[PDB]
Amino acid sequence: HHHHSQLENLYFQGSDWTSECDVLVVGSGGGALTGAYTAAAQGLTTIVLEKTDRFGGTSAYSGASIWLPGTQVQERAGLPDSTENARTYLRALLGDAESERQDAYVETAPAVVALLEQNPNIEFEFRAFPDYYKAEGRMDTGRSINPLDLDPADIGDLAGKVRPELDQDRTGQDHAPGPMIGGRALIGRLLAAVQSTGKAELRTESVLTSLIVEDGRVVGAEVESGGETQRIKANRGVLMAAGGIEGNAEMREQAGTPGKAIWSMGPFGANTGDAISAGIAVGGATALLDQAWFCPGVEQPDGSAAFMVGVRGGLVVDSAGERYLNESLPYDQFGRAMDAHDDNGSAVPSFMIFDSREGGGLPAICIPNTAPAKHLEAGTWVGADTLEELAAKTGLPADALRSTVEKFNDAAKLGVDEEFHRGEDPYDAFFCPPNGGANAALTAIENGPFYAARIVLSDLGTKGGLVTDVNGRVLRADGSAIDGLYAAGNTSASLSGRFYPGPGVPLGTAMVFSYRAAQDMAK
Ligand SMILES: Cc1cc2nc3c(=O)[nH]c(=O)nc-3n(C[C@H](O)[C@H](O)[C@H](O)COP(=O)(O)OP(=O)(O)OC[C@H]3O[C@@H](n4cnc5c(N)ncnc54)[C@H](O)[C@@H]3O)c2cc1C
Ligand SMILES: C[C@]12C=CC(=O)C=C1CC[C@@H]1[C@@H]2CC[C@]2(C)C(=O)CC[C@@H]12
C-alpha cells in the first residue's frame, strides 16, 4: 500500500464517487473522534474511517489523562491554575518555537471541554498526576483531566468495537471483567457522542490509501473496505488523525527516529505512516520525524516491549554496570537519556537491577505485565543469589556492578542520591509507597535473589509528521495551505518539539487541533 495521490480527472476516466460527506475523518483516536464530534454536532455529515477492526488505536490503550488546562473541569475541582499559568509552563519549556500553536492549544482547551461535556455521553474529572519539568507554571499535582469510568452497557454495540487494554490486546483477548477506564472510556464515550449526533457514519476495516486532488485542492480520498476500493467525496475537508510512523521500521530508519517499530506500544500493524505519506504525496511538508514520545520498555520474550512507568525501586546500569540517569525521571526524559548515553549499545539495552522486595516483581508498572517466570524462561530477565553471579549471567562487569549497588545502597541509607538526585522531585515521589527509610524513591537493594531486566527505547507513538497551522491545515514547504486537508495527533508535527511537558499532552493537542480543524471546515 503506497499513498500516491489520485487526480480527479484521471479517475473520471473510469470510476466515480462511491459516497459523499462534508467531513471525512481518517483514524478513530481521541483527536479523530473529537474532530468527528465537532463536525457532526454542528450539522456536517461525517464519515470516520478506522483501518483495523477496532476503534481507538493507541488512544484506547492510554490512561486517558488529557492536558486541557483552565477549563470548567478544573474550576469544579477548585484548582489553583489558569490558561495563563499553563501558557507560562509551555513558554518556559518550548520557547517562541510554535508559540502560535501553544497559544491556540491553551486558549481553545476550555471550548473543547465545554462542547464535549454538553453531550450526555461525556464527562471528565481532574485526576492528580504531576507535570514533568521544573519550570514556572508547573503543577506539582498536575492539571490533567480523565473521562469517567464507563459501564460498557451504556453504549450498546460500540463496546465490542473498542480496542482493549494492552494486557488483553497483545494476548488475543477482549475487555477484562470490570468497567471501561482510561482510553477504553475515552473512546467509548467519544464513539457514543459521535453516534448521538445522527450525522456520522463509523466504519471499521476501512483504510485510507490515496487522497484525491482536483486543481491542487483535496476533494476526497479512496478507502479500501473488504477487497473493494471506494471513492469518498469530502465537500469541506479530510481530517487525517491516523497516528504516526511508529509501526513502520522503514520510515523510522529513513527519518533517524531512535527506537524500533517492534518496541513501539502502538497497536501492532496499525500506525504505518499511511496518512503522513498520503499528505506528502499531495505536497505536505514534514518536521520532527526523528522525534517520538519516548519511554523505557521492558524487553519481552517475543522481542517487543512493555511501557515501564512509575518506577519505585531498583536502579539502572549501562553495559559497563554503572548508573547514568535518575531512574525515576518522567518516561520521555528517561528515554531521551538512554539515547543520549548510547555508545553503539552501551545504553540500549540498559539493565534494571532489583531484589525480592516485591516477591520477584520488577518495581514499576509494566504495560503489559508479563509474568517474571516467563521473562526468566526466555532470558529477558536473569536471577541469581549474588550480584557476582548476576553480573556473570548478564555479561556486566562484576566489580563495577557491585560498587554501583553498594553506592546506591549508601544513598538509600542516607536518603539522598549525590550522583543523580533521585527522589528530589514530586514526579519521582508520586509512585512510591512509604518505605521505613528517609527517601521513598531510594530503597537499598539487598534482599535476595537479585534480578536484571533488559530495558530498551520504547515509544508511545512518534510525534513528527505533517506541518500544520493553528487550524490543523496541512502546509507545503512554502507555508501555503493545501485546501481541504487537515491533520492532528501524531499525523501532524507536535508543537511540543523535543519536550513531553506533562501527562495528557499527546491526547490534549490531538483533541484541540481536531476541534479547530472541524471549526475551520464549518466556515
Ligand atoms: C499505555 C499508554 C498510556 C498512555 N497514556 C496516555 C495518557 O494518559 N494521555 C496521553 O495524552 N497520551 C497517552 N499515551 C500516548 C497516546 O496514547 C498516543 O500518543 C496518542 O493517543 C496518539 O493518538 P493518535 O491519534 O496520534 O493515534 P491513535 O490513537 O493510535 O489513532 C490512530 C488510528 O488511525 C488508524 N489508522 C492508521 N492508518 C489508517 C489508515 N490508513 N486509514 C484509516 N485508519 C488508519 C489506526 O488503526 C488507529 O486506530 C499513552 C500511550 C500508551 C501506550
Ligand atoms: C503516565 C500516563 C501515560 C501517558 C500520559 O500522557 C499520561 C499518563 C498519566 C496517566 C497514566 C498514564 C500511563 C498508564 C497509567 C499509569 C495507568 O494505567 C493509570 C494512570 C495512567
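Evaluate the following for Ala392: is it closer than 15 Å to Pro296 by Cα, surrounded by fewer than 19 Cβ atoms within 10 Å (Cβ to Cβ), more than 16 Å from ligand 2 (Cβ to nearest atom) and free of Cβ contacts under 8 Å to residues at least 12 places away in the same chain?
Working: closer than 15 Å to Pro296 by Cα: no; surrounded by fewer than 19 Cβ atoms within 10 Å (Cβ to Cβ): yes; more than 16 Å from ligand 2 (Cβ to nearest atom): yes; free of Cβ contacts under 8 Å to residues at least 12 places away in the same chain: yes.
When the stated conditions are applied, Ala392 does not pass them.
Kindly provide the set of residues from region 416-438 that are among the acidic types (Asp, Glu) and surrounded by fewer than 19 Cβ atoms within 10 Å (Cβ to Cβ), ordered by number.
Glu418, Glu419, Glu424
Would you please name the residue that is nearest to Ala487 (Cα to Cα), looking only at residues in region 242-251 that are touching a strand residue (DSSP E or B) at 6+ places or on another chain (Cβ under 7 Å) and away from ligand 2 (no atom under 16 Å from the Cβ)? Lay out the reasoning, then the answer.
Start the filter on region 242-251 by keeping residues that are touching a strand residue (DSSP E or B) at 6+ places or on another chain (Cβ under 7 Å), which leaves 242-247.
Cutting the leftovers down to away from ligand 2 (no atom under 16 Å from the Cβ) gives us 242, 245, 247.
Working: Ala242: 8, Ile245: 14, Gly247: 18 Å.
Only one residue fits best here, namely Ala242.
Within region 272-284, how many residues are assigned to a loop (DSSP other than H, G, I, E, B) and surrounded by fewer than 18 Cβ atoms within 10 Å (Cβ to Cβ)? Quick ask: steps written out before the conclusion?
The first filter runs over region 272-284 and keeps only residues assigned to a loop (DSSP other than H, G, I, E, B), leaving 272-273, 282-284.
Then drop every residue that is not surrounded by fewer than 18 Cβ atoms within 10 Å (Cβ to Cβ), which leaves 283.
The total comes to 1.
So, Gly216, is that one in contact with a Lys or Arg (Cβ under 6 Å, 6 or more places away or on another chain) and touching a residue at least 60 places away in the same chain (Cβ under 8 Å) or not? Let's see the steps before the verdict.
On the way: in contact with a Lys or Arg (Cβ under 6 Å, 6 or more places away or on another chain): no; touching a residue at least 60 places away in the same chain (Cβ under 8 Å): yes.
In short, no.
What pairs come up if the first residue lies in region 225-254 and is hydroxyl-bearing (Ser, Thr, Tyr), the second is surrounded by 15 or more Cβ atoms within 10 Å (Cβ to Cβ), and their beta carbons are under 6 Å apart, counting only those six or more places apart or on different chains?
Qualifying pairs under 6 Å: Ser225/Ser206; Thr229/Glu222.
Which ones in region 241-271 are surrounded by fewer than 24 Cβ atoms within 10 Å (Cβ to Cβ), in contact with a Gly (Cβ under 8 Å, 6 or more places away or on another chain) and within 30 Å of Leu7 (Cα to Cα)?
Those that are surrounded by fewer than 24 Cβ atoms within 10 Å (Cβ to Cβ), in contact with a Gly (Cβ under 8 Å, 6 or more places away or on another chain) and within 30 Å of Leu7 (Cα to Cα): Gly247, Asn248, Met251, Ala255, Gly269, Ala270.
Yes or no: region 50-61 includes at least one residue that is more than 10 Å from ligand 1 (Cβ to nearest atom) and hydroxyl-bearing (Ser, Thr, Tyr).
So the first thing to find is which residues in region 50-61 are more than 10 Å from ligand 1 (Cβ to nearest atom), and the list is none.
There is no residue in region 50-61 that is more than 10 Å from ligand 1 (Cβ to nearest atom) and hydroxyl-bearing (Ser, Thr, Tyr).
The conditions are (1) within 33 Å of the chain's Cα centre (by Cα); (2) part of a helix (DSSP H, G or I); (3) surrounded by fewer than 23 Cβ atoms within 10 Å (Cβ to Cβ), and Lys407 fails exactly one of them. Which is it?
That leaves (1) as the condition not met.
In region 78-120, how many residues are within 16 Å of ligand 2 (Cβ to nearest atom) and of a type in the set (A, V, I, L, M, F, W, C)? Spell out how you get there, then give the answer.
We begin by selecting, within region 78-120, every residue within 16 Å of ligand 2 (Cβ to nearest atom); these are 86, 89-90, 93, 105, 109.
Checking the rest, the ones that are also of a type in the set (A, V, I, L, M, F, W, C) come to 86, 90, 93, 109.
Total satisfying the criteria: 4.
Within region 44-67, is there a residue that is away from ligand 2 (no atom under 16 Å from the Cβ), more than 24 Å from the chain's Cα centre (by Cα), exposed (fewer than 15 other Cβ atoms within 10 Å of the Cβ) and farther than 24 Å from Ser492 by Cβ?
No: zero hits.
Helices (runs of 4 or more DSSP H) wholly in region 295-401 with at least 2 residues that are closer than 25 Å to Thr58 by Cβ - which ones?
In region 295-401, the matching helices (runs of 4 or more DSSP H) lie at 331-341, 372-378.
Quick check on my filter: what residues within region 304-316 are buried (at least 24 other Cβ atoms within 10 Å of the Cβ) and either within 16 Å of ligand 1 (Cβ to nearest atom) or under 19 Å from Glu250 (Cβ atoms) (or both)?
Matches in region 304-316: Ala305, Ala306, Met308, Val311.
Restricting attention to region 137-161, which residues are outside any loop (DSSP other than H, G, I, E, B), within 21 Å of the chain's Cα centre (by Cα) and either surrounded by fewer than 17 Cβ atoms within 10 Å (Cβ to Cβ) or more than 16 Å from ligand 2 (Cβ to nearest atom) (or both)?
Residue satisfying the conditions is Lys161 alone.
Scanning for something surrounded by fewer than 24 Cβ atoms within 10 Å (Cβ to Cβ) and on the phi > 0 side of the Ramachandran plot, does region 231-240 turn up at least one residue?
No, there is no match, as no residue in region 231-240 is surrounded by fewer than 24 Cβ atoms within 10 Å (Cβ to Cβ) and on the phi > 0 side of the Ramachandran plot.
With respect to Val113, is the statement that it is within 16 Å of ligand 1 (Cβ to nearest atom), aliphatic (A, V, I, L, M), crowded, with 19+ Cβ neighbours inside 10 Å and free of Cβ contacts under 8 Å to residues at least 60 places away in the same chain true?
yes
Which condition number in (1) over 22 Å from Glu125 (Cα atoms); (2) more than 14 Å from ligand 1 (Cβ to nearest atom) is the one that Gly27 fails?
For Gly27, the exception is condition (2).
Residue by residue, here is whether (1) surrounded by fewer than 15 Cβ atoms within 10 Å (Cβ to Cβ); (2) out of contact with any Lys or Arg (no Cβ under 8 Å at 6 or more places or on another chain); (3) over 30 Å from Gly497 (Cβ atoms) holds:
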| site | (1), (2), (3) |
| --- | --- |
| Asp302 | yes, yes, yes |
| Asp318 | no, yes, no |
| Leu325 | no, yes, no |
| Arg357 | no, yes, yes |
| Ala373 | yes, yes, yes |
| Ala378 | yes, yes, yes |
| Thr386 | yes, yes, yes |
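Quick check on region 491-510: of everything there that is in a loop (DSSP other than H, G, I, E, B) and more than 9 Å from ligand 2 (Cβ to nearest atom), which residue is surrounded by the most Cβ atoms within 10 Å (Cβ to Cβ)?
First, pick out the residues of region 491-510 that are in a loop (DSSP other than H, G, I, E, B): 493-504.
Checking which are more than 9 Å from ligand 2 (Cβ to nearest atom) leaves us with 493-499, 501.
Numbers: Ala493: 25, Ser494: 28, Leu495: 25, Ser496: 26, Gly497: 15, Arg498: 15, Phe499: 21, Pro501: 24.
Here the answer is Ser494.
Pick out the one residue from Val219, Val207, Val194, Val223 that is β-branched (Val, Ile, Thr) and closer than 22 Å to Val467 by Cβ. Let's see the steps before the verdict.
On the way: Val207 fails: closer than 22 Å to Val467 by Cβ; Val194 fails: closer than 22 Å to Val467 by Cβ; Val223 fails: closer than 22 Å to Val467 by Cβ.
After ruling out the rest, the residue left standing is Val219.
Output the residues belonging to region 430-464 that are of a type in the set (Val, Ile, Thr) and in a loop (DSSP other than H, G, I, E, B). I'd like the intermediate steps shown before the answer.
Residues of region 430-464 of a type in the set (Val, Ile, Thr): 443, 445, 455-456, 462.
If the condition is that a residue be of a type in the set (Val, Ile, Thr) and in a loop (DSSP other than H, G, I, E, B), then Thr443, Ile445 are the ones that fit.
Residue by residue, here is whether (1) of a type in the set (S, T, N, Q); (2) within 21 Å of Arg312 (Cα to Cα) holds:
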position	(1), (2)
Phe354	no, yes
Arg357	no, yes
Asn369	yes, yes
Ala378	no, no
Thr394	yes, no
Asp399	no, no
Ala411	no, yes
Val416	no, yes
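Looking at region 176-221, which of its residues are within 11 Å of ligand 1 (Cβ to nearest atom) and at positive phi?
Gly182, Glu205
Please name all residue pairs, on different chains or six or more residues apart, with Cβ atoms under 6 Å, provided the first residue is in region 164-187 and is without any contact (Cβ under 8 Å) to a residue 60 or more places away in the chain and the second residue is among the aromatic types (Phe, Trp, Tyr) and not in a helix (DSSP H, G or I).
From region 164-187, no pairs qualify.
FYI, it's all coordinate maths here, none of it is from the lab. Cβ coordinates were reconstructed from backbone atoms using ideal geometry, including for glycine residues, and neighbour counts include every protein chain displayed.
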